[PDB]
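Worksheet: one structure, shown below.
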Amino acid sequence: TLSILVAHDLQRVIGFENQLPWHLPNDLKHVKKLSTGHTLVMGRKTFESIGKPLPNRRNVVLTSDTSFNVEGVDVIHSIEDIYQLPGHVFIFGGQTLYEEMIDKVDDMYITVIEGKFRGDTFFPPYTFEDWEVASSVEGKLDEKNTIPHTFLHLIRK
Ligand SMILES: NC(=O)c1ccc[n+]([C@@H]2O[C@H](COP(=O)([O-])OP(=O)(O)OC[C@H]3O[C@@H](n4cnc5c(N)ncnc54)[C@H](OP(=O)(O)O)[C@@H]3O)[C@@H](O)[C@H]2O)c1
Ligand SMILES: COc1cc(Cc2cnc(N)nc2N)c2c(c1OC)O[C@@H](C1CC1)C=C2
């Protein structure tokens with residue numbers, strides 16, 4: 001199983017200066033829950049953003065750099081290597097990966113952040129004409145989680 005994992009705002013911003021533009025613990029708990037015991041694929045920039053392997057799952061980092069050999073982390077140098085990986089594979093970011101994989105994944109788990117932020121990286125445009133809403137569940141707003149947000153599970157029609 002090949003899935004995208006992404007959080008994006010109303011204009012499909014995903015990134016600003018190699019960080020997330022928003023602070024939203026719920027989303028991060030969601031990511032954790034979904035991908036425990038499974039595999040994350042991710043481009044070098046996103047990994048260096050996170051700065052160390054994510055515990056309790058297989059971290060795979062896609063890079064052109066053949067000197068890459070980080071403890072905790074498996075490296076690949078081709079998009080095609082993704083299809084070799086066993087198990088549930090989540091495409092974890094960032095923009096380059098999403099663009100490369102979006103026509104290939106079986107489904108997407110998306111957090112829509114119901115705000116407009118300044119970004120420098122984006123999720124590719126997509127149509128619900130192409131993608132069916134298997135579930136839509138509103139994040140809960142609270143002291144700690146203060147932007148409206150919706151958990152979409154979409155599956156390719
Ligand atoms: N909202 C979210 O859910 C979310 C999730 C993840 C990331 N982000 C954001 O996304 C932004 C980063 O996106 P980005 O596109 O700039 O970076 P990125 O996708 O994380 O990484 C790009 C790098 O990945 C490697 N790569 C990609 N495709 C490759 C290929 N086909 N073959 C070999 N290597 C390949 C290359 O590394 P090398 O140059 O080393 O070869 C490339 O420079 C950040 O702002 C981050 O905060 C948001
Ligand atoms: C740009 O830096 C980060 C990028 C991601 C990828 C990501 C985040 N949220 C969602 N809904 N999907 C993702 N693929 C995550 C992240 C980042 O920095 C912290 O935190 C992780 C932490 C919660 C485990 C979760 C995903």
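Both ligands and their constituent atoms are indexed starting at 1 by order of listing. If you read the sequence from its start, that first residue is 1, and numbering goes on from there. Side chains included, hydrogens not; waters and symmetry mates left out as well; all remaining heavy atoms used.
- Annotation for ligand 1: atoms under 4.0 Å from non-hydrogen atoms of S64 are 33 (C), 34 (N), 38 (P), 41 (O).
- Heavy-atom distances between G15 and ligand 2 stay at or above 4.0 Å for every pair.
- At the top of the distance list for atom 23 (C) of ligand 1, counting protein heavy atoms only, stands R44 N, 3.8 Å.
- Looking at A7 next to ligand 1, an N or O pair under 3.5 Å apart turns up.
- The distance from ligand 1 to the heavy atoms of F16 drops below 4.0 Å at these ligand atoms: 45 (O).
- Between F92 and ligand 1, not a single N/O pair is under 3.5 Å apart.
- Across the listed options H8, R12, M101, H77, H77 owns the non-hydrogen atom lying nearest to atom 33 (C) of ligand 1.
- At least one N/O-N/O distance between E100 and ligand 1 falls below 3.5 Å.
- Scanning all protein heavy atoms for the shortest distance to atom 22 (C) of ligand 2 gives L28 CD2, 3.8 Å.
- Looking at atom 17 (O) of ligand 1, its nearest protein heavy atom turns out to be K45 CB, 3.4 Å.
- In plain terms, the two heavy atoms of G15 and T121 that are nearest each other are CA-OG1, 3.0 Å.
- Two residues are said to be in side-chain contact when any heavy atoms from C-beta on lie closer than 4.5 Å; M108 and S3 fail this criterion.
- Remark: ligand 2 atoms within the under-4.0 Å shell around heavy atoms of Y98 are 14 (N).
- When each atom of ligand 1 is checked for a heavy atom of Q19 under 4.0 Å away, the hits are 45 (O), 47 (O).
- With a heavy-atom cut-off of 4.0 Å, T46 touches ligand 1 through backbone and side chain alike.
- Looking only at side-chain heavy atoms (C-beta outward), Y98 and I91 come within less than 4.5 Å of each other.
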Evaluate the criterion ring pair (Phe, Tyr, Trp, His ring centres under 6.0 Å) for residue pair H153 and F151; output intermediate values, then yes/no. CA-CA 7 Å; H153 185 208; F151 301 117; over 10 Å; no
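- Counting protein heavy atoms only, atom 9 (C) of ligand 1 is closest to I14 O, 3.8 Å.
- One option in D65, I91, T63, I82 has a heavy atom closer to atom 34 (N) of ligand 1 than any other, and that option is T63.
- Counting protein heavy atoms only, atom 14 (P) of ligand 1 is closest to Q95 N, 3.8 Å.
- The aromatic rings of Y126 and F128 sit perpendicular to each other, their planes meeting at more than 60°, with 30° as the lower class boundary.
- When all heavy atoms of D65 and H77 are compared, the pair lying nearest together is O-CE1, 3.4 Å.
- Looking at ligand 1, you'll find an N or O of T121 within less than 3.5 Å of one of its N or O atoms.
- Among protein heavy atoms, the minimum distance from atom 44 (C) of ligand 1 is reached at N18 CA, 3.7 Å.
- The shortest contact between atom 6 (C) of ligand 2 and any protein heavy atom is with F92 O, 3.3 Å.
- At under 3.5 Å, a nitrogen or oxygen of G94, whether backbone or side chain, sits near a nitrogen or oxygen of ligand 1.
- Using a 4.5 Å cut-off on side-chain heavy atoms (C-beta onward), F68 and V70 make contact.
- With a 4.0 Å cut-off on non-hydrogen atoms, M42 does not touch ligand 1 at all.
- A donor atom on one side chain and an acceptor atom on the other are not found under 3.5 Å apart for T111 and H8.
- Transitive grouping of hydrophobic side chains (ILVMFWY, heavy atoms separated by less than 4.5 Å) brings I102 and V60 into a common cluster.
- Among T96, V61, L62, the residue whose heavy atom lies closest to atom 35 (C) of ligand 1 is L62.
- Tracing side-chain contacts under 4.5 Å through hydrophobic residues (I, L, V, M, F, W, Y), one reaches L154 starting from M101; they form part of the same cluster.
- The closest side-chain heavy-atom distance from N59 to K52 is not below 4.5 Å.
- Closest to atom 18 (O) of ligand 2 among all protein heavy atoms lies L20 CD1, 4.1 Å.
- Taking every heavy atom of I79 and a limit of under 4.0 angstrom, the matching atoms of ligand 1 come to 31 (N).
- Shown here for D9 and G115, the closest heavy-atom pair between the two residues is CB-O, 3.2 Å.
- With a 4.0 Å cut-off on non-hydrogen atoms, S49 touches ligand 2 through its side chain and not its backbone.
- Pairing each heavy atom of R156 with each of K104, the nearest pair is NH2-N, 3.4 Å.
- Within the 4.5 Å cutoff, the side chain of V75 has no heavy atoms near those of the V73 side chain.
- Summarising the contacts of atom 9 (N) of ligand 2 with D27, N18, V6, the nearest heavy atom is found in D27.
- Residue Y98 touches ligand 1 through its side chain alone, judged by heavy-atom distances below 4.0 Å.
- Using modelled atom types, no side-chain atom of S49 and backbone atom of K45 make a donor-acceptor pair closer than 3.5 Å.
- Below 4.0 Å from some heavy atom of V6 lie the following atoms of ligand 1, by number and element: 3 (O).
- Heavy-atom minimum distance, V89 versus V41: CG1-CG2, 3.9 Å.
- Within 4.0 Å of atom 42 (C) of ligand 1, not a single protein heavy atom is present.
- Closest protein heavy atom to atom 13 (C) of ligand 2: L5 O, 3.5 Å.
- Using 4.0 Å as the threshold, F151 has no heavy atom nearer than that to any atom of ligand 2.
- Looking at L10, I113, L141 one by one, the single match for side-chain contact (heavy atoms from CB on, under 4.5 Å) with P148 turns out to be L141.
- Heavy-atom contacts of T111 reach the following atoms of ligand 2: 11 (N) (cutoff under 4.0 Å).
- At a 4.0 Å heavy-atom cut-off, ligand 1 does not touch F47 at all.
- For ligand 1, the atoms closer than 4.0 angstrom to any heavy atom of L20 are 1 (N), 2 (C), 4 (C), 47 (O), 48 (C).
- Counting only heavy atoms from C-beta outward, the side chains of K157 and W131 never approach each other to under 4.5 Å.
- Counting all heavy atoms, side chain and backbone alike, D74 lies closest to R58 at OD2-NE, 2.8 Å.
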